[PDB]
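>>> So I've got this experimental structure, pasted below with the sequence.
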Amino acid sequence: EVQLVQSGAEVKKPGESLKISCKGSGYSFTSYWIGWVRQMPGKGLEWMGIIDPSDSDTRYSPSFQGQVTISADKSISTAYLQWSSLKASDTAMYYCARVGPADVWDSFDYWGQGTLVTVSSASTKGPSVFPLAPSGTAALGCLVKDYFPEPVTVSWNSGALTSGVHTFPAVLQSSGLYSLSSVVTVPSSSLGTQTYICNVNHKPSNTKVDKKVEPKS
Amino acid sequence: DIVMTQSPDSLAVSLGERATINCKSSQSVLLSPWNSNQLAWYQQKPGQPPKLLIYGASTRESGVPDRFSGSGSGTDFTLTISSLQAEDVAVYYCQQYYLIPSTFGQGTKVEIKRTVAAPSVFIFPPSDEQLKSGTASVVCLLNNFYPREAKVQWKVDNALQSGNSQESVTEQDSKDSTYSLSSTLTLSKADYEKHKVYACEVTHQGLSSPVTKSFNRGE
């Protein structure tokens, strides 16, 4: 089958150089053009440019020319996107995609899985976990504060409690650290007898915390 | 260049009913003498790469269900889903590939339509644990509402708070198709302890008038 395989997620600091890769297999890499597409967080797709791996004929969007370099190494069936000096504003998902076989131009028929690029001055840091204590339905939760980078996962009661759980998208604070809440709604009557524990795992820092959440005395 | 403009930005459709998305190009994308419109539609689900659905304006890609169809020509195009399935909830993009650059439309988010639901609102004071560290996060939760449009206003002793909160919203719930929202007001411990009444006021079409949840610090 045709596969475009991109290099893994990158967490970088402003001013650093970065080269990301897209390897095509299951077809002749030099027979199809490769495109790069940016998707900033929460935003749409942006066409960055295309390259013919046969001869490195490269066409850029005017929005990206001079900002990035697209290149290819046909000997290893790989295309690349690179920056000499990253900015925080380069934080985005980057896709490579194959231009289809039509005789003029074509749609993108196969896509890479994406490379997430996060650019920040912050360093790896595990969260602090605070209770959101319940005040016939009650809400309670956990505030998972001041961690970097994304993601963090939250479960409740070791996975036993799934109904009524909402784990929110993180917000990026002005400190450059993320914060997230996870909540659950439960019967008010259960608060005296049922234990509620949020299980937090911030894998990038290898930080696990189990936080019991109870009515405050 | 060619500018691609989609409409609407967001579309809510009942499960099993018809969904229709529009795409306009600023110039014709018709390639003569082949007389083919160089227009593609992609589907993108959260966390996933886009997937080609339709090319040449009206040709379904291999493996794509019959309920998807493309139409239109020149500068006006439409994607139709004849019967919306739960797996069709996604963002859809059009793209022209008539020339380079091969520009995309801005995307149309297709969501599940349901009945209006007012949010259930809850407020949470900062924990004593957090206060020890010098910061106070006050959280307001708006649970299981529809549609997505909602407004949270923070007041501390009747002073409107501006610029010192952040919020986020879940995607449509897997079970009930509602949204939830969490807003956090951040203050220093010192500022938190200078004030008494913390209030979150919520405006939503499911509510006759705004709902306020509050607490008094140290009660």
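The structure has been received and is ready for your questions. Numbers count the residues shown, from 1 in each chain, chains lettered A, B, ... in the order given.
>>> For the host helix or strand of residue B:72, name the packing helices and strands.
Here residue B:72, judged by DSSP states H and E, is contained in strand B:68-73. Judged by 3 or more Cβ pairs under 8 Å, 6 or more residues apart in numbering or on different chains; DSSP states H and E, strand B:68-73 is in contact with strand B:39-44, strand B:51-55, strand B:59-60, strand B:76-81. Placement of C-beta: from N, CA and C, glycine included.
>>> 6 Å instead, please
With contacts defined as 3 or more Cβ pairs under 6 Å, 6 or more residues apart in numbering or on different chains; DSSP states H and E, strand B:68-73 has these neighbours: strand B:76-81.
>>> Alpha carbons of the strand it packs on, as CSV, please.
Output of strand B:76-81 as CSV, limited to C-alpha atoms (Å, rounded to 0.1, in the frame of the first residue of the first chain):
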residue,chain,number,x,y,z
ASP,B,76,-19.6,27.5,-7.1
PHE,B,77,-19.5,24.0,-5.5
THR,B,78,-21.4,21.9,-3.1
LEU,B,79,-20.8,18.8,-1.0
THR,B,80,-23.8,16.9,0.0
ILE,B,81,-24.2,14.1,2.6
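>>> Can you tell me the number of residues neighbouring residue A:84?
Residue A:84 sits with 12 neighbouring residues when counted by other Cβ atoms under 10 Å in any protein chain shown.
>>> quick one, what contacts the closest residue to chain A within chain B?
Residue nearest to chain A within chain B: residue B:40 (3.7 Å; Cβ to the nearest Cβ). Residue B:40 makes contact with A:107, B:55, B:95, according to Cβ atoms under 6 Å, 6 or more residues apart in numbering or on different chains.
>>> which one of the residues you listed is nearest residue A:138?
Among the contacts of residue B:40, residue B:95 lies closest to residue A:138 (Cβ to Cβ), at 48.1 Å.
>>> for that closest one, which residues make a bridge with it?
As for beta bridges, residue B:95 partners with residue B:40, residue B:104 under DSSP bridges.
>>> for chain B, what are the nearby residues on chain A?
Within chain A, the positions near chain B by Cβ under 6 Å from any Cβ of the partner chain are A:44-45, A:47, A:59, A:61, A:95, A:105, A:107, A:109, A:111, A:113-114, A:130-132, A:139, A:143, A:166, A:168-169, A:171, A:181, A:183.
>>> Now, the residues you listed that are in helices?
Judged by DSSP state H, those include no members of helices.
>>> Please flag which of these sit within strands.
Mapping those onto strands (DSSP state E) picks out A:45, A:47, A:59, A:95, A:109, A:111, A:130-132, A:139, A:143, A:166, A:171, A:181, A:183.
>>> Now for those residues: which two are most distant?
Spanning the widest gap among these are A:59 and A:131, at 54.9 Å by Cβ to Cβ.
>>> more crowded one of these two?
Set residue A:59 next to residue A:131 and count neighbours by other Cβ under 10 Å: residue A:131 wins out with 21 against 16.
>>> quick one, what contacts the more buried one?
Counting by Cβ under 6 Å, 6+ apart, residue A:131 touches A:213, B:127.
>>> Also residue B:122?
Taking Cβ under 6 Å, 6+ apart as the test, what residue B:122 contacts is A:139, B:141.
>>> Now with 8 Å, please.
Residue B:122 makes contacts with A:135, A:139, B:140, B:141, B:143, B:213, as judged by Cβ atoms under 8 Å, 6 or more residues apart in numbering or on different chains.
>>> Just give me the closest of those to residue B:23.
Using Cβ to Cβ, residue B:143 is the member of these that sits closest to residue B:23, with 35.7 Å.
>>> Could you verify that that closest one is part of a strand?
Yes. Membership of residue B:143 in a strand is supported by DSSP: H, G, I helix; E, B strand; the rest coil.
>>> That one pairs with what?
residue B:120.
>>> correct me, but it touches residue A:185?
Yes. Under the criterion of Cβ atoms under 8 Å, residue B:143 makes contact with residue A:185 at 6.3 Å.
>>> Now for the two: what residues contact both?
A:139, B:120.
>>> Grab the two from the contacts of residue B:122 that are most spread out in space.
The largest separation in these, counting by Cβ to Cβ, is between A:135 and B:143 at 13.2 Å.
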